[PDB]
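Engineer: First piece of the complex, coordinates kept as in the full assembly:
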Amino acid sequence: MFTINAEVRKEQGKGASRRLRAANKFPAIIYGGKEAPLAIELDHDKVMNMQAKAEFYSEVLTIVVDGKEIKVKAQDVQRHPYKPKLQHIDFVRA
């Protein structure tokens, strides 16, 4: 468990992805339940150290997205091909 602060993202595009990665922010999604996907962009640097412990992948996250919270799990992770940066993490509401 970690109580992550991340926030709305809203532009789809590889390009726009490249623009995100110029900040620490990497794009990312919550999807799950009966409500349409929530396009957020978490902060790498926080999340880097937090995903380094096993606890992340194992107990509940509660991703605080502008003032509300959604409890998810981090399932899958498409990180950078060779750098300790991330590029993406899929999160399924569980």
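Structural biologist: Sure thing, it's come through. Numbering: from 1, shown residues only, chains lettered A, B, ... in the order given.

Engineer: Surely residue A:6 touches residue A:38?
Structural biologist: No. At 9.9 Å, residue A:6 does not count as touching residue A:38 under the criterion of Cβ atoms under 8 Å. The way it works is simple: take the backbone N, C-alpha and C, and place the C-beta from them, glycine included.

Engineer: who touches both of those two?
Structural biologist: Counting by Cβ atoms under 8 Å, 6 or more residues apart in numbering, the shared contacts of residue A:6 and residue A:38 are residue A:65.

Engineer: contacting residues around residue A:9?
Structural biologist: For residue A:9, the contact set (Cβ under 8 Å, 6+ apart) comprises A:20, A:25, A:27, A:28, A:39, A:40, A:41.

Engineer: neighbours around the second one, how many?
Structural biologist: Translated: residue A:25. Other residues within reach of residue A:25, judged by other Cβ atoms under 10 Å, total 18.

Engineer: What secondary structure category should be reported for the nearest residue to it once chain neighbours are set aside?
Structural biologist: Taking Cβ to Cβ, 6 or more residues apart in numbering, and ignoring the residues beside it in sequence, residue A:25 has residue A:41 as its nearest neighbour in space, at 4.5 Å. Local secondary structure at residue A:41 is given as strand here, using DSSP: H, G, I helix; E, B strand; the rest coil.

Engineer: Distance check, residue A:41 against residue A:53.
Structural biologist: Plainly put, residue A:41 is 22 Å away from residue A:53 if you go by Cβ to Cβ, to the nearest Å.

Engineer: the more surrounded of these two?
Structural biologist: Of the pair residue A:41 and residue A:53, residue A:41 is the one with more neighbours under other Cβ under 10 Å, namely 20 against 10.

Engineer: now the sequence for chain B, which goes on the structure above:
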Amino acid sequence: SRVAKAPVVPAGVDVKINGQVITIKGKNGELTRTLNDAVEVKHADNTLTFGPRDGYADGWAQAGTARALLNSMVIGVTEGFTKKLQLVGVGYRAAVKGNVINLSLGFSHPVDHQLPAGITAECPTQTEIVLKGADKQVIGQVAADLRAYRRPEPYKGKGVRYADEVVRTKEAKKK
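Structural biologist: Below is chain B, added to the chains above:
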């Protein structure tokens, strides 16, 4: 930092505060030939004070320097220095004359330093030089030129060393 944020000059000695030199003055030696470069001049009762000259952010490399550098001259006019400077092996003489010191290591020809003032030569022996000196900087240099006639070497030990024995020893072989 540490030293560079440490201030101390006693009332045993005296000063000629100036805005571009830090002068001490007195007896037993005196006079200061290190000068400002990168540091201010402030004063205090018990300290000849200086922080870094402004418009330069690297001036505390020069300051921690300036610090020990001032106080050492003060130690020179209160206490001796360069305390002795021995030499391993023998028949390597002395002179101790007007300010020249001869020393042999198979020198047919004399080897001398007409020393500056403020550094004394003395010995009782042909294996030793006993110098009290003032102004750690000054002295130390002229002091080196002496022992620098021949370097100490490890395979028979001989060669003008320092006060303390800080050689390496490697066995000879082929006997």
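
Engineer: Give me the distance between the longest helix belonging to chain B and the centre of its chain.
Structural biologist: Across chain B, the helix with the greatest residue count (assigned by DSSP state H) is helix B:61-76. Chain-centre distance of helix B:61-76: 13 Å, with Cα atoms, centre = their mean, to the nearest Å.

Engineer: tell me which strands and helices it is in contact with?
Structural biologist: Packing partners of helix B:61-76 (3 or more Cβ pairs under 8 Å, 6 or more residues apart in numbering or on different chains; DSSP states H and E): strand B:22-25, helix B:136-147.

Engineer: For residue B:68, find the nearest of those.
Structural biologist: The minimum distance between residue B:68 and these falls on helix B:136-147, with 9.0 Å, by Cβ to Cβ.

Engineer: tell me which residues of stretch B:5-24 are tucked away?
Structural biologist: By neighbour count on 16 or more other Cβ atoms under 10 Å in any protein chain shown, the buried set for stretch B:5-24 is B:9, B:13, B:22, B:23, B:24.

Engineer: Am I right that residue B:86 is in contact with residue B:126?
Structural biologist: No. The pair residue B:86 / residue B:126 is not scored as a contact, 10.8 Å apart, by Cβ under 8 Å.

Engineer: Settle it for me: which of those two has more neighbours?
Structural biologist: Between residue B:86 and residue B:126, residue B:86 has the larger neighbour count (other Cβ atoms under 10 Å in any protein chain shown), namely 17 against 13.

Engineer: need the contact list for that one.
Structural biologist: Applying Cβ atoms under 8 Å, 6 or more residues apart in numbering or on different chains to residue B:86 gives the contacts B:127, B:128, B:129, B:160, B:161, B:162, B:163.

Engineer: put chain C onto that model:
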Amino acid sequence: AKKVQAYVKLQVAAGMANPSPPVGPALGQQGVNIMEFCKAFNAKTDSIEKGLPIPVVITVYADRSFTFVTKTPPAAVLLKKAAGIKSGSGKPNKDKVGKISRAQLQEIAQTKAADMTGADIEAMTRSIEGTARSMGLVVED
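Structural biologist: One more piece, chain C, placed on the ones above:
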């Protein structure tokens, strides 16, 4: 600086001394009087356990004269006697050449007590046990 000076230490037999290799040159360098010590040492060694190697520490003065304090024989040696062996085990811990009862160690610890720092008998006794384990000498309660 350079120089050198005395306060030497050595382990010589009880009633025997003077040999050059064992003694002689050893302290002779410091400026000790071989002859004097030879008789002087063996003099008191008569009272002390004869035939047992006792370590003596000689301290020379500027007078070139000297004094020495006869302590108790090494724990290793004492263990050899108690175990009734002549030498160690070569490869201690791996192969035991002898054994010593927990009672004996206490006796040896009592003998070495004078030279040991052990605050209590347990400490001194263990101090020797560490020497025994290093000699390949097992200790049965």
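
Engineer: What packs on helix B:61-76 with chain C there, same question as before?
Structural biologist: Using 3+ Cβ pairs under 8 Å, 6+ apart, helix B:61-76 is in contact with strand B:22-25, helix B:136-147.

Engineer: one more time with 7 Å, if that's ok
Structural biologist: strand B:22-25 (3 or more Cβ pairs under 7 Å, 6 or more residues apart in numbering or on different chains; DSSP states H and E).

Engineer: can you tell me which residues contact residue C:24?
Structural biologist: With contact taken as Cβ atoms under 7 Å, 6 or more residues apart in numbering or on different chains, residue C:24 is in contact with residue C:34.

Engineer: ok, residue 94 - how many residues close by?
Structural biologist: I'll assume chain A. Residue A:94 has 12 neighbouring residues, counting by other Cβ under 10 Å.

Engineer: not quite, I wanted chain B
Structural biologist: For residue B:94, using other Cβ under 10 Å, the count is 18.

Engineer: same question, residue C:50
Structural biologist: As a burial measure, the neighbour count of residue C:50 was computed by other Cβ under 10 Å and equals 13.

Engineer: before we move on, what about residue C:54?
Structural biologist: Each residue near residue C:54 was counted by other Cβ under 10 Å, and the total is 20.

Engineer: Over to residue C:10?
Structural biologist: Neighbours around residue C:10, by other Cβ under 10 Å: 14.

Engineer: Surely residue A:5 is in contact with residue A:64?
Structural biologist: Yes. Counting by Cβ atoms under 7 Å, a contact exists between residue A:5 and residue A:64, whose distance comes to 5.1 Å.

Engineer: in stretch A:78-94, what counts as buried?
Structural biologist: Within stretch A:78-94, the residues scored as buried using 16+ other Cβ under 10 Å are A:86, A:87, A:89, A:90, A:91, A:93.
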